[PDB]
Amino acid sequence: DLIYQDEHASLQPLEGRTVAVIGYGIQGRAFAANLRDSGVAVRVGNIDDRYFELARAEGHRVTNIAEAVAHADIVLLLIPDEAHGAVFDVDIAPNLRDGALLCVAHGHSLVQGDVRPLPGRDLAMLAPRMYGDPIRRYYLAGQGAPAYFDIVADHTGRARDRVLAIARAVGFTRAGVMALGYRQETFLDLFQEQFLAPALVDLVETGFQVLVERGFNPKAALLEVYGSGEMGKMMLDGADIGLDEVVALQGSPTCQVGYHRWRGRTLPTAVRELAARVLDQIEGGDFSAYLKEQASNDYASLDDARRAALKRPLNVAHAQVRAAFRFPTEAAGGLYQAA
């Protein structure tokens, strides 16, 4: 494996260059904020929506996407994946300067051919393994989250150092930036979203529902399965020292004996089988077809799913617990303004 940390990257390739951040969403806002604080010239390209106004409110040079691209040496396409094709064809490809670098943060539009190499230009993936708020918070604490990168097309022969310069400016090299093919990244990322995340929340919810059914205090049931923060602390500490090691170090002997009674014994064969079926849906194009249908509406079906999830017993209990118990938080106002 090729893994790049700060010792393996430099801001030198960004000297005298302008980065156009296309989109000012979860990733775009974090990239724009960290690039600016790292002393990189940055401008934002965005359509006429609330994100345009937010970028203006946070002191950025904001224009339509075509104008941002026409005035940029490096272009980061940080909008939803189903929107890449139309924005690439209409706004990006006609305005991308000779020798300019275009980056995506997910392989999906590359796999589908909605973003393609252009003669005379560079194309890459820099895919963070983290959502925006923590990328921003880590950055300000002198920390970073991991990322994967791939050099898809390199006309200039300088794409690798320019991609890794962006990665250093945004903080990912403080953890590590590993070479991984855009196709593998696509399938791996979608697998985490479609198998692991829903199975994890379904498992937490199953614990909650069995306890409430069996006559346990619903607030206490919600607190134990995640609401206390304990199970989240175990998973985040586990990223540092190992999940079994969190139990060995931090668990009472009562806890450790119970945990090891059931470790490797809790799940039916159906879980491993579902994992394989989800990968079949991803690798074979079935999920990509489903996503295209879901987007064809401005995501009307997703809006209905989001609203329905808030009515589930776990989420009704969440609101009751959160109103009754203070959770440790840090103030987020002004997080994305200039340091």
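C-alpha atoms forming the largest set that superposes within 1.5 Å between two forms make up the rigid core. The first residue of the shown sequence is 1; numbering continues from there.
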{"query": "Core-aligned Cα RMS comparison in 6 other deposited structures of this protein - stretch that moves more, 174-182 or 263-271", "finding": "263-271"}
{"query": "Greater root mean square CA deviation, 26-34 compared with 303-311 in 6 other deposited structures of this protein, core aligned", "finding": "303-311"}
{"query": "Greater mean Cα temperature factor according to the PDB record, 177-185 or 84-92", "finding": "84-92"}
{"query": "Mean temperature factor over C-alpha atoms, higher-scoring stretch between 291-299 and 266-274", "finding": "291-299"}
{"query": "Selection by C-alpha B-factor (highest) of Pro198, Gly99, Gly251, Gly227", "finding": "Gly99"}
{"query": "Residue, from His155, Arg162, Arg129, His106, that the PDB entry assigns the highest Cα B-factor", "finding": "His155"}
{"query": "Third assignment of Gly28 from its chain's C-alpha B-factors", "finding": "lowest"}
{"query": "Chain third (lowest, middle, highest) by recorded CA B-factor, residue given as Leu314", "finding": "lowest"}
{"query": "B-factor third for the C-alpha atom of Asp150 within its chain", "finding": "lowest"}
{"query": "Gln112 CA temperature factor, ranked by third within the chain", "finding": "highest"}
{"query": "Third of the chain, ranked by Cα B-factor, where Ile135 sits", "finding": "lowest"}
